[PDB]
Amino acid sequence: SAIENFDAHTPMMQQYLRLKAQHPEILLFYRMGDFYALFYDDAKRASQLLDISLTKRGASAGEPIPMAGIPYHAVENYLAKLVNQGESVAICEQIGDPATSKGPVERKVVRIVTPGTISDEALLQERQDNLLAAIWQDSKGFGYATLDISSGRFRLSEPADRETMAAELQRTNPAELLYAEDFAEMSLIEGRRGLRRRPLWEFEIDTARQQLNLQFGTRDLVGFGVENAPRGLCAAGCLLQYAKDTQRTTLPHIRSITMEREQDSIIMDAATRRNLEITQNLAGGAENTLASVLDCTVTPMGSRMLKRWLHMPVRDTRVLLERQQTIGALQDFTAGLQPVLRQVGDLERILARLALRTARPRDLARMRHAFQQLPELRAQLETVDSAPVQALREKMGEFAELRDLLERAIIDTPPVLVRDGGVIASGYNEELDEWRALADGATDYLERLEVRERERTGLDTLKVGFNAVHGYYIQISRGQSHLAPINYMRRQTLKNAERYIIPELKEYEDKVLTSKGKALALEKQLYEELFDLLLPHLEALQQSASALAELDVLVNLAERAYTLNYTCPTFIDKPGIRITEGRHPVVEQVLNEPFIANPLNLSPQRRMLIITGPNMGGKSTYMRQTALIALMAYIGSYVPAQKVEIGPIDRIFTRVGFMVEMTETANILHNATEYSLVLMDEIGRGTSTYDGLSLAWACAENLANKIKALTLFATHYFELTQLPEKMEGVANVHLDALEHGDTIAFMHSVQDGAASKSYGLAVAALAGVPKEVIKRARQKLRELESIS
Amino acid sequence: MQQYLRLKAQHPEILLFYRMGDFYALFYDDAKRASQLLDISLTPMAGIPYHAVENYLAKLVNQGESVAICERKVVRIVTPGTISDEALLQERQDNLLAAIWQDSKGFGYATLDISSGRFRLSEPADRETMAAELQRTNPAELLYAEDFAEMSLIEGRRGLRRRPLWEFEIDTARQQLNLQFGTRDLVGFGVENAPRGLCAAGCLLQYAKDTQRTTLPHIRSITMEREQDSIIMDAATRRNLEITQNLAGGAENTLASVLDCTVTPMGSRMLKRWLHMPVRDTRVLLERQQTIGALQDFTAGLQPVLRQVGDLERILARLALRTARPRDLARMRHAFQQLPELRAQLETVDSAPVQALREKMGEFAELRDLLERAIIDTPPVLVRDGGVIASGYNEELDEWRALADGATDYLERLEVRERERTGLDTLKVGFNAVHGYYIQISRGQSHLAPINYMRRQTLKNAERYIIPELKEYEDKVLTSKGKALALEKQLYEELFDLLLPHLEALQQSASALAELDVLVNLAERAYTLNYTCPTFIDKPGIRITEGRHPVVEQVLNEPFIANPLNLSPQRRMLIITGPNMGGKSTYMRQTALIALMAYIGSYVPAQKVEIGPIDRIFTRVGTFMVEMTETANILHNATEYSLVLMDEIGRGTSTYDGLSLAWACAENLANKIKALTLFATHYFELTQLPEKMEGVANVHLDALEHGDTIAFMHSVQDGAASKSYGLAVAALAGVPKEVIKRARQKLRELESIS
DNA sequence: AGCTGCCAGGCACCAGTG
DNA sequence: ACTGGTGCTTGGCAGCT
Ligand SMILES: Nc1ncnc2c1ncn2[C@@H]1O[C@H](COP(=O)(O)OP(=O)(O)O)[C@@H](O)[C@H]1O
Ligand SMILES: [Mg+2]
């Protein structure tokens with residue numbers, strides 16, 4: 001509680017506070033000898049989070065300074081505890097030599113670990129992307145950018161309204177979200193993880209243009225298709241600024257940025273994504289999703305690509321025909337290709353570490369093991385006549401020169417780190433073999449000296465050993481210690497042994513340690529040199545990884561189509577969906593009865609189906625599976641049906657029934673087009689009897705007669721089956737059921753026309769409502785049916 | 001590690017921690033399971049470090065897993081329903097062991113709180129009651145029999161423990177229970193002709209004894225809960241009223257978050273029991289009421305003193321099991337010190353019950369004085385290293401400590417002696433496991449060491465030595481300290497011998513202190529929260545004047561609107577129309593909370609409540625299948641003494657189907673069951689019910705259109721609603737104007753037929 | 001094969017001679 | 001201003017049983 005002016009502090013705390021001032025809201029690991037230290041509330045916080053001791057560094061002038069810390073070699077385990085709780089940590093290191101330093105040794109922050117910029121294998125999940133995003137809002141729209149720092153994939157977009165922006169955050173699921181201080185729609189964003197408020201000036205348009213061109217080495221961003229997009233460039237500017245500030249090295253794997261137009265994909269609202277269960281079931285988990293079914297990729301990078309595709313269907317007809325083509329060609333070849341692709345591993349993330357210069361020995365080894373599969377894949381894919389498959393074979397590369405480089409440079413199975421040597425192999429550098437060979441009197445020399453001195457002295461307890469603190473020694477037991485040569489100079493004393501040193505053992509100590517250190521310092525120069533020779537080829541290597549990943553997805557999708565009995569869909573010119581014996585791709589796996597296949601005929605003249613049928617009749621499944629088939633068709637995949645013809649689809653909307661249901665419904669009515677697939681599931685709620693139904697009725701009318709979209713409209717309201725009569729483009733279908741005394745069977749089959757009756761009382765009876773009460777409700781019911 | 005597999009065979013159905021240096025190790029399916037539950041990794045290995053073991057045990061026991069520890073041999077086992085250690089328990093949450101079993105007649109159920117020794121027994125008549133007892137009691141560990149049909153009752157539950165059929169034999173269960181209690185028969189606890197419940201209680205106690213391998217002398221009694229003794233609340237109702245736990249599985253915005261301002265964790269747990277088990281016997285209720293009125297003026301004085309009494313109940317458990325640690329005894333002493341101050345404060349209270357608690361609370365001045373002398377002010381966590389017995393308690397101990405201190409003082413002066421005598425300013429005297437005492441000199445000065453010094457250990461920058469003088473006094477220190485430590489331990493075990501004869505009385509005290517905590521709390525809650533004392537009538541009825549929902553009114557900073565209620569046998573059912581938006585559901589839910597609180601003996605949020613007998617409370621308030629299943633249960637089980645609250649049934653099916661069931665339900669509830677009922681509905685067509693039959697009236701909620709919004713009033717008014725608001729809400733949400741115009745047209749067309 | 005306690009190394013603090 | 005001791009976080013492992 002003293003006045004903590006600059007002069008009141010020790011030279012050390014002056015330096016620590018300037019560094020902390022650059023990172024005021026986040027934890028600062030501050031290298032001091034063998035320990036990262038934290039101070040003040042960082043220490044206190046660290047103590048709770050990491051479960052380490054909160055103590056004090058003593059102080060002559062005033063208050064003791066709260067302190068905690070960890071040994072430098074245990075850091076990665078502590079970084080993991082933090083990043084999993086969404087915490088950033090600024091890592092500070094000693095740059096200077098203490099012996100040539102008057103005051104405190106020079107200290108820089110060299111890195112900042114944040115949830116969205118982590119690239120180490122230990123902190124990531126193999127099969128999930130981990131993205132950094134930036135968001136900003138004008139009075140008019142949103143800018144959004146994402147970056148996979150462990151792949152270079154750098155994207156820009158401009159969502160026009162609240163609900164697309166929501167859909168975009170849902171889809172990309174950023175691990176860390178940078179946002180502007182003036183952001184108005186905080187409902188999209190509060191209660192997200194890795195939330196990071198930024199000042200407005202980081203989203204300035206001129207600085208982003210300048211920094212992105214600098215990064216890409218371009219004059220303008222014309223070539224990238226984003227010069228057009230200031231809204232998005234602003235968020236991209238911030239993102240890149242934050243990415244540079246965390247890593248504090250060059251980032252040469254970020255060579256490109258791509259715009260994501262609304263026209264290029266099918267925009268699925270937030271409800272659609274949740275209700276289709278693409279990678280997340282409605283109960284939060286990852287089981288019984290569409291990905292649980294379709295995803296038997298064999299590489300991490302492949303699984304991450306497949307999930308991105310599921311999530312972003314493409315509209316380019318050419319790309320889709322190329323994908324389908326590939327899938328049909330490789331059908332026979334999946335048993336041969338999968339085991340081999342598996343061995344390539346996560347080459348994508350390894351190349352990120354190569355680019356960041358963080359790549360460990362076992363990354364280089366696994367890169368080598370990937371290069372070694374290329375020829376078998378090249379040979380396996382030659383046979384396959386498919387122009388798209390050959391284009392991937394070509395992009396996949398070979399890198400025989402680099403494969404040999406790593407085969408000669410690094411041993412078969414190196415250790416986890418370079419810190420303690422034993423990575424570079426014999427023959428690679430002859431100066432190293434000479435330095436290493438001097439540090440191999442460890443075998444012969446020391447032992448011949450033991451024997452020799454034991455026999456010369458006659459003292460049978462005499463041994464030669466080493467310890468790190470006192471060095472090489474000759475040990476005699478305490479019983480015999482008094483008979484040792486008077487030449488033996490004393491070095492270390494123990495309870496029951498005395499240890500000594502002689503000029504010849506000292507001479508050997510001095511050469512083994514100065515040559516072990518020189519063998520390490522050359523080995524680390526040589527290993528950092530491996531980066532120099534690999535890095536020039538990084539562009540080709542990244543293209544290669546993406547080719548293998550694509551190959552893995554497409555090989556998987558081919559194998560899926562065979563095993564799960566799927567067909568190739570075709571595309572038509574105008575809106576419409578014709579399905580023959582289609583199935584819910586997920587429900588038909590997780591369900592131990594037969595799945596009843598069902599057709600669907602949707603067109604511009606038959607654009608709205610009023611779906612009826614009893615509760616648990618199959619109404620929602622029918623809708624979901626329609627959308628899932630649409631989705632699977634539009635990633636390029638074969639589809640769970642006897643046959644599918646499908647027209648263009650711009651957006652998919654879903655409403656699954658307070659103020660929220662009506663607002664959602666309004667967004668649909670405002671943004672759906674003749675090309676949209678609209679799924680309304682028992683909407684329309686009011687405070688009285690017909691209140692809610694009248695809204696649903698007017699809504700349907702607007703969808704049918706003014707919007708002309710392709711709507712599926714499940715209802716409990718039998719009154720809506722009068723709609724086809726009155727309204728062009730509308731028709732009735734129902735889910736079939738059979739009554740037969742005290743019971744009801746759900747047939748799960750779509751028929752044309754309205755249900756003959758509604759089965760609410762039958763469902764009530766099934767649920768256990770007393771027979772006497774159902775007797776009375778049927779009586780009442782007939783009174784009502786007699787009105788008309 | 002063939003040693004691991006054969007120890008795993010010893011207890012194959014239980015997880016097995018297996019010691020390895022710093023860690024406990026789990027292999028095979030043990031590892032799989034444990035990484036799933038604890039957020040740790042695989043290798044099929046899994047490691048849990050030694051310094052944190054108690055923590056990981058507490059999680060696994062919280063999740064229904066027994067654990068075996070192994071140091072080779074299985075030395076210790078923790079089962080979820082039999083722990084009494086403080087680190088393994090949650091202060092304000094009960095933790096029961098339970099046993100269920102089925103007969104060709106009906107169910108048998110028993111529960112034990114192993115800390116308090118509260119032992120219960122029941123004989124649920126059908127499966128629904130049984131399911132309601134399982135939700136209510138939420139046992140940490142459930143014993144069941146091999147021959148058990150109704151597995152859907154207990155399928156999903158944690159802590160399941162399949163047991164042989166012979167473990168439920170009646171004659172063996174009687175003998176064991178009568179041994180446990182010092183009785184020849186069970187007539188005195190009122191359970192001697194309840195054989196099914198006894199069979200469950202026999203298995204539970206066998207199992208409890210087996211987990212402990214100790215007498216359980218604090219289990220001296222068993223009580224039988226009865227159907228008619230309490231207000232039955234099925235699981236759905238219990239969850240809907242948000243008594244201890246909210247709908248999101250939390251502790252906030254719940255009846256306990258407002259009512260439970262108790263000051264000891266033992267009284268908190270007792271209040272939560274009271275809330276989940278409303279009693280019907282108005283005698284007991286009338287006593288709690290009188291007590292809450294009489295204690296009003298004594299609340300501020302009592303609660304600070306009561307607070308200091310602490311969780312005496314659970315400490316007493318560890319006295320019974322002989323695991324109490326020094327701070328248990330200190331906390332227990334600290335609580336004895338409060339008894340005089342509580343006796344004085346309560347003496348003046350005009351209440352027979354408060355005075356009966358005040359006696360039952362006791363004094364224990366001899367035990368207070370014993371622990372004042374025996375133990376120091378703030379003893380360490382463990383007895384293991386001593387420093388727990390205070391000076392003056394034992395003459396032998398004091399003398400051993402004095403010779404220790406003097407041998408220790410001599411070695412301090414030996415340091416100063418040697419240090420001035422040699423002139424070497426770095427000379428000190430350390431102690432060590434390996435070398436005992438030693439003299440240290442720094443490496444720079446170590447060559448000036450006296451010739452009599454004997455090197456034992458070189459360090460990087462010092463040298464340590466013994467002389468025989470060091471060794472001589474070292475002997476005096478370690479022997480004296482060791483005699484003192486053996487004596488502290490024996491004197492500490494002697495405290496258990498002096499306390500335990502008074503255990504029956506101590507348990508009575510803690511139980512009384514807990515009740516008082518609760519009543520003093522409810523008394524302060526009535527005065528602070530403007531509650532009133534409800535009166536009981538002889539026939540079904542609820543008259544509320546200006547009643548409120550006790551949670552909603554403390555939580556939301558919008559003014560709470562109070563409402564009347566008038567249910568009698570001539571006015572059994574209200575049809576409630578108008579917008580919902582939480583207003584209807586709150587009025588229904590506050591009715592149930594007021595009934596519940598009345599039948600806990602608490603005061604209630606109102607100006608006046610009169611209330612007849614209630615046997616059951618049903619609230620269907622929140623698929624169409626789930627709505628109908630809950631409705632079926634109401635219709636099958638409700639009586640003329642029941643309170644039924646229904647939230648717009650008929651939603652999720654056709655208009656005419658949902659209207660037909662609604663009308664049939666209302667009609668059945670009014671003309672057959674005759675239950676007191678609040679029937680919320682959107683069907684305007686149901687407002688004709690009052691014209692067709694006696695006992696039914698219409699009430700409603702309106703809204704108010706103003707400015708650019710709508711204000712949904714929470715005032716219940718006589719008569720039917722004359723307005724719908726679904727289209728106005730659509731308009732406000734931005735549904736295009738032309739669409740609303742059409743819906744307005746369609747709505748008129750639809751209602752005008754009707 | 002378990003337990004204890006020195007050590008890793010920057011820095012400030014501190015107390016004994018200039 | 002200086003020589004030479006001590007203190008401080010956790011994890012590794014030497015030096016004891
Ligand atoms: N075509 C089908 N074949 C077999 N089972 C089906 C089929 N469609 C639906 N089901 C099953 O019936 C259940 C009810 O489906 P659902 O679409 O939710 O009915 P609804 O929405 O009309 O109430 C689903 O859980 C699913 O398992
Ligand atoms: Mg449905």
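Note: hydrogens, waters and symmetry copies are ignored here, and every other heavy atom, side chains too, is used. Numbered from 1 within each chain, the chains take letters A, B, ... in sequence-line order.
- Between D/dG5 and C/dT17, the distance separating the two P atoms is 13 Å to the nearest Å.
- For B/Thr426, no side-chain nitrogen or oxygen approaches OP1 or OP2 of D/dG5 to under 4.0 Å.
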Kindly express the pairing pattern of DNA chain D in dot-bracket notation, using | wherever a base pairs with another strand and counting only Watson-Crick or G-U pairs under 3.5 Å. ||.|||.|.|||||||.
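- Annotation: of the two residues near DNA chain C, B/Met20 and B/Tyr438, the 5′-most nearest-nucleotide partner is B/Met20.
- Tested against B/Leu57, the residues B/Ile48, B/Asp85, B/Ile69 include a single side-chain contact (heavy atoms from CB on, under 4.5 Å) partner, B/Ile69.
- With B/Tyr492 as the aromatic partner, B/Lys489 does not meet the cation-pi criteria of under 6.0 angstrom to the ring centre and within 45 degrees of the ring axis.
- D/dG5 has a positive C1'-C2'-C3'-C4' torsion, placing its sugar in the north range.
- Taking atom CG of B/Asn432 as the reference point, atom P of D/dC16 lies 10 Å away to the nearest angstrom.
- With B/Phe17 as the aromatic partner, B/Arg76 does not meet the cation-pi criteria of under 6.0 angstrom to the ring centre and within 45 degrees of the ring axis.
- Here the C1' atom of nucleotide D/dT6 and the CG atom of B/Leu427 are 16 Å apart, to the nearest Å.
- D/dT9 has A/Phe35 stacked on its base ring, the centres lying under 5.5 angstrom apart and the planes within 30 degrees of parallel.
- Ring pair B/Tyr4/B/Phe27: centre-to-centre distance below 6.0 Å.
- Atom-to-atom, CG of B/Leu424 to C1' of D/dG5 comes out at 14 Å; the value is rounded to the nearest Å.
- The six-membered rings of C/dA8 and its strand neighbour C/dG9 do not satisfy centres under 5.5 Å apart together with planes under 30°, so the two bases count as unstacked.
- Looking only at atom types and distance, the side chain of A/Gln14 has no donor-acceptor partner in the side chain of A/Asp7 under 3.5 Å away.
- A positive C1'-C2'-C3'-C4' dihedral is found for the sugar of C/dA8, placing it in the north range.
- Taking the six-membered ring for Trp and the full ring otherwise, B/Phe23 and B/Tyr50 have centroids separated by 6.0 Å or more.
- No donor-acceptor contact under 3.5 angstrom links the side chains of B/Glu474 and B/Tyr438, judged on distance only.
- Using a 4.0 Å heavy-atom cutoff across all strands shown, A/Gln492 reaches sugar-phosphate atoms only and no base atom.
- Annotation: D/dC8 and C/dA15 have their P atoms spaced 15 Å apart (nearest Å).
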Would you sort out whether B/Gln440 and B/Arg464 count as a side chain to side chain donor-acceptor pair (under 3.5 Å), showing the intermediate values? CA-CA 4 Å; B/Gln440 190 168 311; B/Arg464 330 238 259 215; 2.9 Å; yes
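- Stacking of A/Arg491 on the aromatic ring of A/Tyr500 is not recorded, the 6.0 Å distance cut-off and the 45° axial limit not both being met.
- Across all strands, B/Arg456 comes closer than 4.0 Å to no nucleic acid atom at all (heavy-atom distances).
- Partners of A/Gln15 according to the side-chain hydrogen bond (donor to acceptor under 3.5 Å, both in side chains) rule, which considers only residues two or more places apart in sequence or in another chain, are A/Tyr30, A/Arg107.
- Nearest nucleotide to the side chain of A/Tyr78, out of D/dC8, D/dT6, D/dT10: D/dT10.
- Computed from coordinates, the A/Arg57 CZ to D/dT9 P distance equals 11 Å when rounded to whole Å.
- As rounded to whole Å, 14 Å separates atom P of D/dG7 from atom CE of A/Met67.
- For the pair B/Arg417 and B/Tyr410, the cation sits on the ring face: its NZ or CZ lies under 6.0 Å from the ring centre, inside 45° of the axis.
- Using a 3.5 Å distance cut-off with no hydrogens or angles, the side chains of B/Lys59 and B/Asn55 do pair a donor with an acceptor.
- At whole-Å resolution of the value, CE in A/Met12 and P in D/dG7 are 18 Å apart.
- Residue A/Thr55 has a polar side-chain atom (N or O) positioned under 4.0 Å from OP1 or OP2 of D/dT9.
- As a whole-Å value, the separation of B/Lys460 NZ from D/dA14 P is 17 Å.
- For the pair A/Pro71 and B/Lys428, nearest-nucleotide mapping onto DNA chain D gives the more 5' position to B/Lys428.
- As rounded to the nearest Å, D/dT6 and C/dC6 have P atoms that lie 11 Å from one another.
- In terms of the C1'-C2'-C3'-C4' torsion, C/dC13 has a south-puckered sugar. The angle is below zero.
- Comparing A/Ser53 and B/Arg443 by the nucleotide of DNA chain D that holds the closest heavy atom to each, the one mapping nearer the 5' end is B/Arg443.
- Protein chain B contacts DNA chain C from C/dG2 to C/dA8, reading 5' to 3' and using non-hydrogen atoms of the protein with a distance under 4.0 Å.
- If you take atom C1' in D/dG7 and the same atom in C/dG5, they sit 16 Å apart, rounded to whole Å.
- When heavy atoms are screened at a 4.0 angstrom cut-off, B/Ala433 is found touching the sugar-phosphate backbone but no base atom.
- Across all strands shown, A/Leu494 has heavy atoms under 4.0 Å from sugar-phosphate atoms exclusively, and none from any base.
- Looking at which nucleotide of DNA chain C each of B/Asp425 and A/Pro104 is closest to, the 5′-most match is held by A/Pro104.
- When the side-chain nitrogen and oxygen atoms of B/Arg464 are compared with OP1 and OP2 of D/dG15, none of them lie within a distance under 4.0 Å.
- Atom CD1 in A/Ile70 sits roughly 10 Å away from atom P in D/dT10 (whole-Å rounding).
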